[PDB]
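The structure tokens that follow cover one protein chain in two forms, given apart as structure 1 and structure 2.
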Structure 1
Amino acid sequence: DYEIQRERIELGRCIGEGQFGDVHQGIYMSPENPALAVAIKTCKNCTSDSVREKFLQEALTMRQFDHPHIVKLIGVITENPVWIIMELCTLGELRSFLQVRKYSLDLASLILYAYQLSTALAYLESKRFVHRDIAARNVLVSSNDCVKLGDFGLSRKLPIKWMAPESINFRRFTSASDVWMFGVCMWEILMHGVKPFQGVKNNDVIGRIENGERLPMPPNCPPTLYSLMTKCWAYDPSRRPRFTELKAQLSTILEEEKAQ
């Protein structure tokens, strides 16, 4: 079931570049089922068994997950050319989607994306996985009302601007450090896909965080949501909320916005 027959894949257009090679969209002709839209990850140098093992590492990890807000692994093809087949999020990368729609996406949609991501991250935690790379660039858009976490490369250069202090200083990665990163991801969503700490050197960010400085309140962000983000950024990991508490509080914030 993990191994897929290449004859059941129809390769389509290139939709981006990955670490190991181009990614294309295509179709998976599932046995006795409707054809699924898929993302096919290619690997340029996978003729090397050493490169193949590194490329396939992420697919081995994805096989154990099953959640509505996490991209699904369909299968892999281990003969040359080696391919990784994922469920396709039709609308693409969340940052680009937010940047284009800055003056048209309503606030309830932005809060909904944060809520959905909190459910995927509570699920990740429940499986003893620590993501270590929560950022809007790793979120994909399945539809206008559905986002999914799509990159597990660092799961179970360093993204310093998203990292908790204990991860930068001591290489500690826990579900509480993922909560810090999720706070930064929520800020990126509320900022319509703007990167945190733009124009600031990585070492200047470290000194700013240690000194108590934090990302500012996004314009039009509900105060309760910004307070929630600042709690994700408590220096002491014990003072951060848990993903289950984030999910409950995001649901309340979403319903308060929907009731206008």
Structure 2
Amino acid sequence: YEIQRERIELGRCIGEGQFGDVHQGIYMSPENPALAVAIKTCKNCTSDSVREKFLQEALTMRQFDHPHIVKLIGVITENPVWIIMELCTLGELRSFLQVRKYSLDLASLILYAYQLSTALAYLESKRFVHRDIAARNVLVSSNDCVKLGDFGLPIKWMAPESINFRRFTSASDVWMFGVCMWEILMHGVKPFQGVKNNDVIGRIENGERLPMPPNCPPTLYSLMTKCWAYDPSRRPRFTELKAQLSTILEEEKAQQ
């Protein structure tokens, strides 16, 4: 919904998005007392083509209602164009995992993988294909809560059919999810560091896969390997992934 600019107080810059800086701020509505929010800005939204692309993310996001998907609060469609969203105070997942590398237990890493699998099972139930599942698109709401935060080529995360044929399906999202799980267990390290994008497909074609992260339970790595079946029809769906991640998380909690 359209928000009056007077109801938004722009605060500190908290990140840099594809369209411009992201700020934290305050939304003052008659409904709720003053609420801390995130504000996506758009440097070049004076251009109608750029504005259409920027605002398309808000249109997509408004369709969802899930505990692990960031909520759209509203939009300001007059220049400067702003998207108002739910604030995830701990910020981007990659930076969070890198900073907390030796303070986050394995059970926390598996929990994040599980939570994202519930958001993705929800998207799958709505026949929605994300096309860009990666740790860089996840936000941290609290130490125990992550959310899919961006609905705006990444060769290193892509399923072979997406690279080869530009085919993006529920099965290609599962491949990308497997890469995202690897990134979480690697504490925010990017896949195939130093490898050229053009060499990635060749290695993948040859049967090579991202290695087991240190301290990753073998059951969880077996789940990642299933996400990376070359044949998309052999990849699990999110119902099975969610169920398996829940069992893996319970086994880790029981161990510790």
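For clarity, a rigid core is taken as the largest C-alpha set superposing within 1.5 Å between two forms. Residues that one form lacks are left out of the comparison. Every residue number counts along structure 1's sequence, beginning with 1.
Considering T230, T224, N202, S48, one residue stands apart with a C-alpha shift of at least 2 Å between structures 1 and 2 following superposition on the core, and it is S48.
Superposed on the rigid core, the forms differ at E32: its CA is offset by 2.5 Å between structures 1 and 2. On a core-based overlay, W83 has a Cα shift of 0.8 Å between structures 1 and 2. Core superposition places the Cα of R128 1.6 Å apart between structures 1 and 2. In sequence order, the regions between structures 1 and 2 where at least three consecutive C-alphas each move 2 angstroms or more after rigid core superposition are 30-32, 34-36, 47-51.
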